[PDB]
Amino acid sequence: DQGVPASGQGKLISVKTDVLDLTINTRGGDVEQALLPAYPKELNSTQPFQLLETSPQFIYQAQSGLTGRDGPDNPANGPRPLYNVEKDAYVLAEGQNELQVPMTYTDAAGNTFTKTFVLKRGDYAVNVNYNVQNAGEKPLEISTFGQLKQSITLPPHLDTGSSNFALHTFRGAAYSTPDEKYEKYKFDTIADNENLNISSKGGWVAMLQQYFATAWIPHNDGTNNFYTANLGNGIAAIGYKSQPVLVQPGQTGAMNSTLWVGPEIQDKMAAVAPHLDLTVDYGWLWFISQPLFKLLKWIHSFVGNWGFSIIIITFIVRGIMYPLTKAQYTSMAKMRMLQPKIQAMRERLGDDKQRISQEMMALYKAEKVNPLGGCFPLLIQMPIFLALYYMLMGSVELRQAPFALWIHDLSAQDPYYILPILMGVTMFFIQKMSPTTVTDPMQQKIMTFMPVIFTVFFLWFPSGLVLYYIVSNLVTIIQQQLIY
């Protein structure tokens, strides 16, 4: 049950469905390229997104085969199997929901091995099935393997735009085990030859990027061997080897596995394999971004527009936090009332900062007013900002999602940078109509600059996030115009 073959030269065939465009090497049955038509390469582009790729500058393939004592893919048994395919192109026909691509190989002793890819319409989980006919008079020991192979360094077009994200979206390997429901493996750890070597009863191995994932999900009754491997020259690998299966003389056997190669849609992935939906990287705030997205998607089932759904989610969470905003408003009201007492205490005590502080903090403690003051609503807005940010940057459904007028991508920044200036205009409205609890000119000096510093803040942030806080502060303004 040991030994994974290297890539071999062979005839290439195409396999097309409505959502997948695969190139498959007949030697071994590896997927060398995979295109997703339902996801354009970039906004306003007719090219499909390229997930798997075999290129001189970059490699990313999903390999599989039969290893073990008698597995033809085992290098100890010779060269990789050169399967025979009847035609070079396989297309999903109209009215047909399922497409099968069989590949056969007969060894010198008469044993036949059939690798058949089974695809279905609108489905990103491709089934890789094996059928082995034993011709000899002693059993065959066969083990299923599946390997994901990719260059460690992404090709130059990797990064642009002056590190718009302070921390990039994750790109690397990951796996799941009945003991560890989801763990991540860095390519750099693999590059240092510190490899994974664990057992798992079921589970899956995977490779991840911002919006798309590849994964091998074994289907057997034994204990698999999940592994990573530094193949060298900057090529990382993760995969699995199944428990060996015996095939007695004159008997036929069947081995199954599933390959996911598509977008990180949690609803669709959770049905293919348990915990597979966790491949989406919601950052450290996973426990709030996943609920936020689930309800945002729930709103999308009614409105049908992701931007308006973000406008609605702002109203929802402005309502859940209204007692907190009203308590802070009550707190800030009493800070305005105590300004004459704190100026009179300052002129009574003199230049004694310590007892001025204790007396100010004690008077603040008697009638509950927040010592943090004006930056407390900025403090509690810090998790929701990061939560919504990781939700927009991690949800494939929001990728290239339009809103209205000049916004055709809620996940991307405003190309005209008009939304970040609009939010600064609303903040300039807020600070002017509100008493803004000004007491010292030094800290007040930066408060007049807050509209523009916070404008250039949102200049490199997703339009869907800027949109949220735009209508969030329109709710703030509408409240104080209706009270006054």
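Each residue number is its position in the shown sequence, starting from 1.
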Of 359 to 367 and 213 to 221, the one with larger mean CA B-factor:
359 to 367
Can you tell me which stretch has the higher mean Cα B-factor, 48 to 56 or 417 to 425?
417 to 425
Which one of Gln354, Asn84, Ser176, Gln400 shows the top CA temperature factor in the record?
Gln354
If you compare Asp70, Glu32, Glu42, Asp440, which has the highest Cα B-factor in the entry?
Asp440
Taking the values exactly as deposited, rank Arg171 by C-alpha B-factor within its chain and report the matching third: lowest, middle or highest.
lowest
Sorting the chain's modelled residues by C-alpha B-factor and splitting them into thirds places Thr325 in the highest
Rank-wise, by C-alpha B-factor, drop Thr476 into the lowest, middle or highest third of its chain.
highest
Would you check the entry's CA temperature factor for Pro263 and let me know if it's in the chain's lowest, middle or highest third?
lowest
Chain thirds by Cα B factor, record data; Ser199 belongs to the lowest
